[PDB]
Amino acid sequence: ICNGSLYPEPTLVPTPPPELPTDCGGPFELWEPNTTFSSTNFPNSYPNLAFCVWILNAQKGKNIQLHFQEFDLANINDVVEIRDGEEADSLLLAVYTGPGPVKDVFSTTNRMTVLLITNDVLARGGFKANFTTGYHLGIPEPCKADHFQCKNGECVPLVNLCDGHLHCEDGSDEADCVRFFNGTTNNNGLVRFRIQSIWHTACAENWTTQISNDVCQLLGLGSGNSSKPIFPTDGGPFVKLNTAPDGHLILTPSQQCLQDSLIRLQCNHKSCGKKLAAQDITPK
Amino acid sequence: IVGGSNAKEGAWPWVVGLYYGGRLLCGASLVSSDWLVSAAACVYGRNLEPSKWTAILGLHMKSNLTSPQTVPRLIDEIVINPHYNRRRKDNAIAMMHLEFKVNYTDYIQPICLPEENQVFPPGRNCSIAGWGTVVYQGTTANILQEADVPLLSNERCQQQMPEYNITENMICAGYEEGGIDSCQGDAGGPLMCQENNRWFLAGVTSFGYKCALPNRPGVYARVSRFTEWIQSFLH
Ligand SMILES: *[C@@H]1O[C@H](CO)[C@@H](O[C@@H]2O[C@H](CO)[C@@H](O[C@@H]3O[C@H](CO)[C@@H](O)[C@H](O[C@H]4O[C@H](CO)[C@@H](O)[C@H](O)[C@@H]4O)[C@@H]3O)[C@H](O)[C@H]2NC(C)=O)[C@H](O)[C@H]1NC(C)=O
Ligand SMILES: *[C@@H]1O[C@H](CO)[C@@H](O[C@@H]2O[C@H](CO)[C@@H](O[C@@H]3O[C@H](CO)[C@@H](O)[C@H](O[C@H]4O[C@H](CO)[C@@H](O)[C@H](O)[C@@H]4O)[C@@H]3O)[C@H](O)[C@H]2NC(C)=O)[C@H](O)[C@H]1NC(C)=O
Ligand SMILES: *[C@@H]1O[C@H](CO)[C@@H](O[C@@H]2O[C@H](CO)[C@@H](O[C@@H]3O[C@H](CO[C@H]4O[C@H](CO)[C@@H](O)[C@H](O)[C@@H]4O)[C@@H](O)[C@H](O)[C@@H]3O)[C@H](O)[C@H]2NC(C)=O)[C@H](O)[C@H]1NC(C)=O
Ligand SMILES: *[C@@H]1O[C@H](CO)[C@@H](O[C@@H]2O[C@H](CO)[C@@H](O[C@@H]3O[C@H](CO[C@H]4O[C@H](CO)[C@@H](O)[C@H](O)[C@@H]4O)[C@@H](O)[C@H](O)[C@@H]3O)[C@H](O)[C@H]2NC(C)=O)[C@H](O)[C@H]1NC(C)=O
Ligand SMILES: *[C@@H]1O[C@H](CO)[C@@H](O[C@@H]2O[C@H](CO)[C@@H](O[C@@H]3O[C@H](CO)[C@@H](O)[C@H](O)[C@@H]3O)[C@H](O)[C@H]2NC(C)=O)[C@H](O)[C@H]1NC(C)=O
Ligand SMILES: *[C@@H]1O[C@H](CO)[C@@H](O[C@@H]2O[C@H](CO)[C@@H](O[C@@H]3O[C@H](CO)[C@@H](O)[C@H](O)[C@@H]3O)[C@H](O)[C@H]2NC(C)=O)[C@H](O)[C@H]1NC(C)=O
Ligand SMILES: *[C@@H]1O[C@H](CO)[C@@H](O[C@@H]2O[C@H](CO)[C@@H](O[C@@H]3O[C@H](CO)[C@@H](O)[C@H](O)[C@@H]3O)[C@H](O)[C@H]2NC(C)=O)[C@H](O)[C@H]1NC(C)=O
Ligand SMILES: *[C@@H]1O[C@H](CO)[C@@H](O[C@@H]2O[C@H](CO)[C@@H](O[C@@H]3O[C@H](CO)[C@@H](O)[C@H](O)[C@@H]3O)[C@H](O)[C@H]2NC(C)=O)[C@H](O)[C@H]1NC(C)=O
Ligand SMILES: *[C@@H]1O[C@H](CO)[C@@H](O[C@@H]2O[C@H](CO[C@@H]3O[C@H](CO)[C@@H](O)[C@H](O)[C@@H]3O)[C@@H](O)[C@H](O)[C@H]2NC(C)=O)[C@H](O)[C@H]1NC(C)=O
Ligand SMILES: *[C@@H]1O[C@H](CO[C@@H]2O[C@H](CO)[C@@H](O[C@@H]3O[C@H](CO)[C@@H](O)[C@H](O)[C@@H]3O)[C@H](O)[C@H]2NC(C)=O)[C@@H](O)[C@H](O)[C@H]1NC(C)=O
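Per the deposition metadata, cryo-EM was the technique used to determine this entry, at a resolution of 2.92 Å.

In structure tokens:
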């Protein structure tokens, strides 16, 4: 029977565990005069497992632009979240992480929220930024004198809207001038072409299957199914669609057509989840 | 994934893998010629350098990457759904742009998308796939694993997992007896249902409490509520 151990065997002095990370919060919602602010200890480092919320406030009708003078954070473990509304719904818009310079962020409303997410290891110096606000900083002014603005803001008088080819360096004219109008579903509708700004059909003087399939392909759908007009109701500047030796379509406007009608096309769906596995069929 | 069975050649041509750092980290699905759909939760901090992301097409076997049946690809642009919070794990869907156009073959096929007013009723078997861990402790470096799970109503999903609001933006699929799950390792796997003999895309794998835990199924995000956003730039 072991006995006589009348000594303090646990000679080691216990130490409190590094628990309770919680958060430091840091600066909160501020107006325009407040521009420059450190996260919590930006010149030196930031605490691990710290969550902070920075809200940028601007006058109604204005937007907010970011400019990170110094941005040196950890790896993909730590990220920075950007929000605009923070009332009922917010959009990420831009998320920044990792060391190195980052691009500017333009708010879509008169409010911006900045969030910090940190891990428990690899703490870096931090980041800082300031804002100046303004009127449509990220939205270029549309050009007057009948100029059409693209997605990225480039404005041209008329070199787009379904021409022979896109005369735009940006080339953001993804939307076409042919869409299904007055239809019943996504795949069913009336053919409506637009030369410049006016929607019109393509008549049925020489309508064939090849041009129907070409139109269906231009609509992002499959082959032509159930190609038959019913009755005419439009009265716009109707054009003529005719077969061509090449793969392009030619629209010739003419309001003196005979037996005008609106053509209803039901284009089939495109390629879908059709399995092509080669397996034996069990005769059961 | 967990408790699944080995797939056949060409069984899931619309499932593709995403490689970052040299190892598979998240799954994705092929929709258009140069776009993919993947869970936004996994690709959150790695979207600033798409050049380091490698897109693998037809990764039926993880041991063959340079095989002729596998077409390597690179990621050019990564788009994350704006309405993402990482706090409620809501709208965890992301779209990735392929650098070059991808041809369609027998083993590489696109997938359908839900249409308007197209809701799958609860109680229907739906297929899942992924290269994640099948035993919750080990690793998966073998053939693609496939499984089928039934759709569960969100009313029971909230009760069985009293941790999130769930709401109507999530769809839960699994078995009350447990043993089948796909929320470990590869969280980018798609939720696939069968509407007619054409197949459809139902959801994308999302956060899951624990695999094979009794009455603890996974969570999926309804693509039917993101169809407009996907088609806005599907082209
Ligand atoms: C698209 O498809 C529809 C069928 O779904 C097709 O039918 C047209 O529908 C519109 C309404 O959507 C009809 O317009 C009405 O016509 C009656 C006829 O007398 C008018 O009295 C109505 O006048 C009302 O609206 C005016 C303007 O808002 C008001 O000023 C007025 O006080 C009345 O409140 C109304 O205009 C239309 O008659 C039918 N039929 C036809 C042949 O248009 C429609 O034609 C299709 N579209 C195209 C471009 O073909
Ligand atoms: C993905 O699939 C596409 C096909 O949809 C494929 O495009 C092909 O690219 C090659 C190389 O750029 C094109 O070149 C052909 O090469 C053969 C070799 O003998 C020639 O015979 C071809 O000439 C015929 O085809 C021309 C049309 O391209 C005709 O104008 C000509 O008169 C001849 O009939 C041609 O030079 C080939 O044409 C395309 N295929 C097409 C356009 O259908 C692409 O390479 C695939 N990508 C990958 C990564 O596999
Ligand atoms: C961001 O911008 C802020 C706004 O410009 C800056 O905060 C302001 O800093 C000035 C510095 O002088 C403070 O001026 C003082 O204001 C107090 C106000 O009275 C206080 O006491 C009453 C009770 O009697 C209390 O009700 C008030 O709320 C105040 O707490 C004066 O008494 C002083 O004499 C002096 O003028 C501003 O008060 C202060 N604003 C606010 C809202 O506190 C800030 O420094 C900028 N930077 C950062 C990092 O925030
Ligand atoms: C993943 O990559 C692996 C490469 O490391 C693939 O392994 C190869 O798989 C093929 C089948 O797809 C095997 O080919 C078989 O070869 C045997 C015998 O080899 C004969 O080869 C020639 C004819 O080509 C003949 O002249 C010789 O005398 C041999 O008799 C054949 O009987 C089979 O029918 C089949 O053709 C390779 O042997 C095999 N290589 C290795 C190193 O294992 C693997 O298949 C890939 N994964 C998938 C799913 O395909
Ligand atoms: C946050 O505050 C800083 C304060 O420095 C603002 O920096 C500003 O940056 C612009 C560059 O975009 C500076 O203009 C520069 O002027 C020099 C003059 O020689 C010229 O050589 C450069 O090519 C450039 O045009 C500007 O001077 C500078 N501000 C000050 C006071 O020096 C920054 O813009 C602020 N952030 C935001 C979002 O406004
Ligand atoms: C669209 O369909 C109409 C159907 O009326 C086509 O109208 C006529 O089509 C003929 C095709 O042979 C055109 O050629 C003419 O043939 C007669 C045959 O004897 C010949 O004598 C004429 O000298 C002429 O070559 C004809 O010009 C045309 N128009 C008429 C008869 O007024 C129309 O051609 C079709 N559209 C296209 C682009 O094919
Ligand atoms: C697709 O959904 C059907 C629902 O009809 C599933 O079929 C059911 O599968 C379970 C096992 O997962 C069967 O439970 C056991 O089946 C054995 C053999 O019949 C029986 O002796 C046991 O008492 C127990 O019921 C069940 O019978 C079977 N059928 C029904 C009507 O529930 C099926 O598993 C789902 N998945 C696939 C890939 O088909
Ligand atoms: C959507 O699902 C329906 C079933 O609800 C599919 O229709 C089925 O199509 C197959 C293929 O032709 C039919 O098989 C054939 O049946 C006839 C007898 O009707 C037989 O003589 C042939 O040898 C062949 O076996 C099947 O009967 C038919 N089922 C129906 C109409 O109820 C339809 O194909 C599916 N859609 C797509 C796009 O796959
Ligand atoms: C246009 O789209 C419709 C979609 O409803 C296609 O309709 C298909 O119709 C068939 C019905 O044909 C069958 O023929 C069997 C004998 O071969 C007969 O036993 C059976 O009872 C039935 O009459 C149906 O099976 C398909 O499911 C329908 N859908 C599809 C996608 O095929 C129609 O064929 C399409 N037309 C064109 C030209 O594309
Ligand atoms: C998970 O959902 C939580 C829901 O709790 C309640 O949600 C309602 C929705 O608007 C809040 O407003 C109420 O709306 C009622 C009508 O539907 C009114 O009768 C009521 O007076 C009130 O205006 C309500 O404040 C809120 N709380 C309570 C105690 O009712 C929500 O609170 C959580 O934030 C959400 N979790 C998230 C978003 O992560």
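Next comes the rest of the description.
(A) Just the interface of chain B and chain A, in detail. Contacts between the two partners involve 29 residues from chain B and, on the opposite side, 26 residues from chain A. Carbon and sulfur atoms supply 53% of the area buried between chain B and chain A, which totals about 2,400 Å² over both sides. In this structure, the connection of chain B to chain A is made through zero salt bridges. Along the contact surface separating chain B from chain A lie five residue pairs in polar contact. Tallied by class, residues from the side of chain B that touches chain A come to 13 nonpolar, eight polar and eight charged.

(B) Representation of the pairing of strand β10 (residues 170-173) of chain B within the structure. Residues and elements named next belong to chain B. Burial of the side chains of β10 extends over both faces: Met170 and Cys172 are buried on one face and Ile171 and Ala173 on the other. Of the pairings in the sheet, the one linking strand β9 (residues 145-152) to β10 comprises two bridges and is antiparallel in character. Counterpart to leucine 152 in the pairing with β10 is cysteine 172. Bridging between β10 and strand β13 (residues 218-222) involves four bridges; their strand directions are antiparallel.

(C) Up close: the domain arrangement of chain A. Along its sequence, chain A is organised into domain 1 (20-139), domain 2 (140-175) and domain 3 (179-267). Computed over C-alpha atoms only, the centres of domain 1 of chain A and domain 3 of chain A are separated by 51 Å.

(D) Looking closely at the packing of aromatic side chains. Throughout the structure, instances matching the rule amount to 16 aromatic pairs over all chains. Plain terms: the ring middles of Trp12(B) and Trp14(B) are 5.8 Å apart, the flat faces sit at 80 degrees to each other, and that makes the pair edge-to-face. Pairing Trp14(B) with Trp199(B) gives two aromatic rings, centres 5.9 Å apart and planes at 40 degrees, and the pair type is tilted. Taken together, the positions of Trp14(B) in the loop between β1 (5-6) and β2 (15-20) and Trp199(B) in the loop between β11 (190-193) and β12 (200-208) put the pair 185 residues apart, joining distant regions of the chain. A relative accessible area of 12% means that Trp199(B) is categorised as buried. Through pairs of rings, three or more aromatic residues link up here, namely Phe37(A), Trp54(A), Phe68(A), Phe71(A), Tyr96(A) and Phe127(A). One cation-aromatic arrangement involves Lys275(A) over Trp12(B); the distance from NZ or CZ to the ring centre is 3.8 Å. Between the NZ or CZ atom of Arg216(B) and the centre of the ring of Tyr209(B), over which it lies, the distance is 3.5 Å.

Conventions used here
- Residues numbered from 1 in each chain as written, not as in the entry; some residues may be left out.
- Chains lettered and ligands numbered in written order.
- Heavy atoms only, no water.
- Contact = heavy atoms within 4.5 Å.
- Buried area = accessible area lost by both parts, 1.4 Å probe.
- Salt bridge = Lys/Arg side-chain N within 4 Å of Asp/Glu carboxyl O.
- Polar contact = N/O pair within 3.5 Å; in protein donor to acceptor, adjacent residues only side chain to side chain.
- Nonpolar A, V, L, I, M, F, W, Y, C, P; charged D, E, K, R; others polar.
- Buried < 20%, exposed > 50% of the residue type's maximum accessible area, 1.4 Å probe, protein only.
- Helix = DSSP H or I, 4+ residues; strand = E, 2+ residues; numbered from the N terminus.
- Pairing = 2+ DSSP bridges.
- Domains from an automatic or database assignment.
- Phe/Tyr/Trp six-rings, centres within 6.5 Å; stacked < 30°, edge-to-face > 60°.
- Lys NZ or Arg CZ within 6 Å of the ring centre and 35° of its normal.

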